[PDB]
There are 2 protein chains.
Amino acid sequence: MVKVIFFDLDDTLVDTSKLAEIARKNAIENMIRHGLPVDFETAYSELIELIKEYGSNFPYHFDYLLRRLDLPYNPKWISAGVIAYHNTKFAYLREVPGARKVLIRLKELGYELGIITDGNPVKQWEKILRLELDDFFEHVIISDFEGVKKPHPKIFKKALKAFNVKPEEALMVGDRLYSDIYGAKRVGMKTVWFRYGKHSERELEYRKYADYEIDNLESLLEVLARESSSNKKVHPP
Amino acid sequence: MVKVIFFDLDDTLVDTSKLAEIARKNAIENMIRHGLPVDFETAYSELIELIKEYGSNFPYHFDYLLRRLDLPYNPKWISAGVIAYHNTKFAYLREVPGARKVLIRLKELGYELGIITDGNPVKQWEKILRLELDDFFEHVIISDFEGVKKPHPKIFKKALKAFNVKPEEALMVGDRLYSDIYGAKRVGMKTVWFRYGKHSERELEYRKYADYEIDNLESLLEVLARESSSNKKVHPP
């Protein structure tokens with residue numbers, strides 16, 4: 001008996017990865033527009049390699065890109081990249097196609113909704129408030145408050161307790177088979193894998209933990225309607 | 001004709017990983033000594049999991065450990081961990097066994113020595129100065145200045161240029177088959193893999209790039225003496 005539907009935030013409700021990609025491309029293009037003496041293909045390829053070598057959250061990608069290209073520190077070029085990166089984030093932040101329409105319909109149907117995500121609480125809430133997703137959700141469960149990262153069972157159990165619902169009365173929708181799907185199924189929740197983006201072979205080994213698979217968020221409505229034989233019921237282990 | 005010998009810093013000349021392990025264990029033990037209501041085995045296991053979930057350089061491991069254990073923020077326990085962690089680093093920073101004796105002998109024999117490493121320049125130099133390794137090396141090549149990470153060829157080529165030596169006139173000694181060995185061999189240097197610590201199957205696929213393998217730093221002297229048929233010579237591609 002599904003009463004609560006939980007969603008991951010990034011790449012399920014919000015188009016985070018795609019936005020990041022476009023922001024990075026625009027950053028390089030703006031650096032070039034302002035003088036960076038390198039072609040886009042070369043500069044962007046090096047940025048990607050730099051990101052894989054130094055990490056996604058390294059604070060000096062643009063400064064190090066200049067070092068990598070044997071160019072002297074140039075605050076003009078670096079600022080050009082930062083400006084374009086931020087401008088992109090400000091202008092294109094958006095929901096994954098169909099997300100809002102689906103949320104509105106779920107509320108119209110009477111489901112209670114929640115979010116289960118990882119990351120800095122303020123940053124995650126910024127996405128929620130900027131996209132006006134706030135009153136769609138009764139609770140926003142963030143793993144960092146609990147000192148764990150999904151798929152750790154602690155955060156999923158906390159989500160269930162917040163809504164005071166049994167595992168089988170909850171359904172998790174997420175794009176990541178390991179962190180979202182396996183995590184929710186391990187504690188007894190129903191699961192819907194949103195096949196969005198690319199997945200590694202290791203991640204795909206967790207595909208069995210998904211009760212349903214959808215390529216479009218709209219299809220979630222079909223799944224829930226089908227779940228009209230209830231979930232399974234009381235019974236056993 | 002080996003004229004220059006290059007060394008990686010961490011886990012080749014300096015016992016970095018082992019020191020970090022002991023520092024982490026001591027941090028947990030000190031937290032417990034000051035009240036942390038958890039047994040060492042449990043607390044340390046969670047710390048390790050926390051490190052794998054949040055990263056080696058996350059600045060709030062101890063704060064998040066409390067969150068993970070459902071304990072209220074306690075600055076006393078956190079400070080106890082920080083104190084023990086730093087005390088350990090201060091008291092036990094040391095060379096990998098045999099490193100200094102080998103460096104002294106290499107200088108006595110007439111080799112020019114250099115370091116090729118990754119990381120924040122100031123932090124790497126702190127290890128060098130604290131262990132009084134300074135005048136053993138003519139040049140300390142740090143990848144971050146070049147905006148790349150080993151095994152990128154750029155940093156190895158820079159090292160060769162600094163010493164104005166041909167690739168075959170240089171030999172690289174390092175514990176990592178991918179970042180140290182493959183990196184040096186790719187540009188033409190002679191290589192000695194120091195089998196220290198654990199190595200993954202993927203790393204082991206680069207074992208062919210090592211000309212020699214040693215389990216003790218002292219054995220490097222034997223390798224160099226053997227290299228008494230020169231390296232190979234002028235010749236071809």
Side-chain angles (χ1 to χ4, degrees), chain A residues 2-14 95-119 124 128 133 135-143 146 148-197 199-200 202-232 234 236-237:
Chain A
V2 179
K3 275 49 186 171
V4 178
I5 303 171
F6 290 109
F7 292 88
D8 178 25
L9 225 199
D10 298 299
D11 300 324
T12 289
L13 293 181
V14 181
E95 64 169 56
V96 167
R100 196 186 185 77
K101 278 187 167 298
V102 174
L103 294 176
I104 293 175
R105 184 55 54 68
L106 292 176
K107 292 307 302 173
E108 295 184 303
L109 294 178
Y111 290 102
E112 298 185 300
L113 314 177
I115 285 171
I116 301 182
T117 185
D118 299 307
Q124 296 309 74
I128 295 174
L133 298 177
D135 234 68
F136 279 118
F137 306 101
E138 158 57 72
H139 298 295
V140 176
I141 307 300
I142 307 178
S143 68
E146 300 304 318
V148 302
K149 285 288 195 178
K150 291 188 292 188
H152 192 113
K154 184 182 180 187
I155 197 57
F156 288 97
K157 290 174 181 179
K158 176 187 178 60
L160 292 174
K161 298 299 183 183
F163 280 91
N164 269 290
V165 288
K166 294 294 182 178
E168 69 179 59
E169 297 182 295
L171 184 151
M172 176 73 183
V173 183
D175 64 298
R176 297 291 93 179
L177 284 169
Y178 179 63
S179 53
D180 296 324
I181 309 307
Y182 168 62
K185 181 56 63 180
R186 256 207 302 190
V187 301
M189 290 186 68
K190 277 55 187 57
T191 54
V192 173
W193 175 36
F194 172 43
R195 304 188 301 198
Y196 190 57
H199 312 71
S200 68
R202 191 157 95 171
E203 299 185 84
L204 288 168
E205 295 199 300
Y206 290 88
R207 193 175 179 185
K208 48 176 167 295
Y209 291 97
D211 297 317
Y212 300 88
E213 297 184 4
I214 62 178
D215 295 308
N216 298 282
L217 292 175
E218 202 294 86
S219 292
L220 174 64
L221 292 168
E222 178 169 295
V223 169
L224 287 168
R226 294 174 62 176
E227 204 51 59
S228 180
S229 139
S230 291
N231 79 3
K232 73 186 146 306
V234 275

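Each chain gets a letter, A, B and so on, in the order its sequence line appears, and its residues count up from 1.
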Side chains of A:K158 and A:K161: closer than 4.5 Å at any heavy-atom pair? no
Walk me through it: do A:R202 and A:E205 pass the test salt bridge (charged side-chain N to carboxylate O under 4.0 Å, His left out)? CA-CA 5 Å; A:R202 191 157 95 171; A:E205 295 199 300; over 6 Å; no
If we ignore hydrogens and angles and just use 3.5 Å, is the side chain of A:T12 paired with the main-chain N or O of A:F7 as donor and acceptor? no
How about NZ on A:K149, more than 12 heavy atoms from neighbouring residues, nucleotides or ligands closer than 6.0 Å, or not? yes
Only counting residues at least two apart or in another chain, list the ones meeting salt bridge (charged side-chain N to carboxylate O under 4.0 Å, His left out) with A:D211. A:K185
Mind running side-chain contact (heavy atoms from CB on, under 4.5 Å) on A:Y182 and A:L177 for me, showing each step along the way? CA-CA 6 Å; A:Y182 168 62; A:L177 284 169; over 6 Å; no
Does A:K154 have any salt bridge (charged side-chain N to carboxylate O under 4.0 Å, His left out) partners at least two apart in sequence or in another chain, and if so, which? A:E146, B:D70
Would you say the side-chain atoms of A:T191 pair up with the backbone N or O of A:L171, donor to acceptor, closer than 3.5 Å? no
Out of the candidates A:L160, A:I115, A:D180, only one should pair with A:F6 under the side-chain contact (heavy atoms from CB on, under 4.5 Å) rule; please name it. A:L160
Qualifying residues under side-chain contact (heavy atoms from CB on, under 4.5 Å), relative to A:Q124, sequence neighbours excluded: A:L9, A:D10, A:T117, A:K127, A:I142
Determine the minimum heavy-atom distance between A:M172 and A:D8, stating which atoms define it. CE-N, 3.9 Å
Are the side chains of A:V14 and A:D11 in touch, meaning some heavy atoms are under 4.5 Å apart? no
Can a donor-acceptor pair be found, under 3.5 Å and without considering hydrogens, that links the side chain of A:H152 to the backbone of A:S143? no
Indicate yes or no: does A:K107 engage A:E112 in a salt bridge with an N to O separation below 4.0 Å. no
Hey, does the side chain of A:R186 reach the backbone of A:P151 with a donor-acceptor pair shorter than 3.5 angstrom? yes
Do A:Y212 and A:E227 have a side chain donor and acceptor closer than 3.5 Å? yes
Do A:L113 and A:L103 have side chains that approach each other closer than 4.5 Å (heavy atoms only, starting at C-beta)? yes
side-chain contact (heavy atoms from CB on, under 4.5 Å) between A:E168 and A:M189, worked out: CA-CA 5 Å; A:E168 69 179 59; A:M189 290 186 68; over 6 Å; no
Tell me, please, which residues at least two apart from A:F194 pass ring-ring contact (aromatic ring centres under 6.0 Å, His included). A:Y196
Apply side-chain contact (heavy atoms from CB on, under 4.5 Å) to residues A:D118 and A:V148 and explain how you reach the verdict. CA-CA 9 Å; A:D118 299 307; A:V148 302; over 6 Å; no
Heavy-atom side-chain proximity of A:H199 to A:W193 below 4.5 angstrom: yes
Just list the side-chain donor-acceptor pairs under 3.5 Å for residues 214-221 of chain A, sequence neighbours left out, or say none.
{"unit_1": "A:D215", "atom_1": "OD1", "unit_2": "A:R195", "atom_2": "NE", "d": "2.7"}
{"unit_1": "A:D215", "atom_1": "OD1", "unit_2": "A:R195", "atom_2": "NH2", "d": "3.1"}
{"unit_1": "A:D215", "atom_1": "OD2", "unit_2": "A:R195", "atom_2": "NH2", "d": "2.5"}

Identify the heavy atoms of A:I141 and A:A162 that sit nearest to each other, and give their distance. CD1-CB, 4.1 Å
Close side-chain approach of A:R207 to A:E213, heavy-atom, < 4.5 Å: yes
Checking the side chain of A:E95 only, and the main-chain atoms of A:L13 only, is there a donor and an acceptor separated by less than 3.5 Å? no
Enter the distance from A:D175:CG to A:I181:CD1 here, rounded to the nearest 0.5 Å. 8.0 Å
In the structure I gave you, are the side-chain heavy atoms of A:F156 and A:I116 within less than 4.5 Å of one another anywhere? yes
Any residue meeting salt bridge (charged side-chain N to carboxylate O under 4.0 Å, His left out) with A:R176, in chain and number order, not counting sequence neighbours: A:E203
Rounded to the nearest 0.5 angstrom, the CG-NZ distance for A:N231 and A:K3 is 8.0 Å
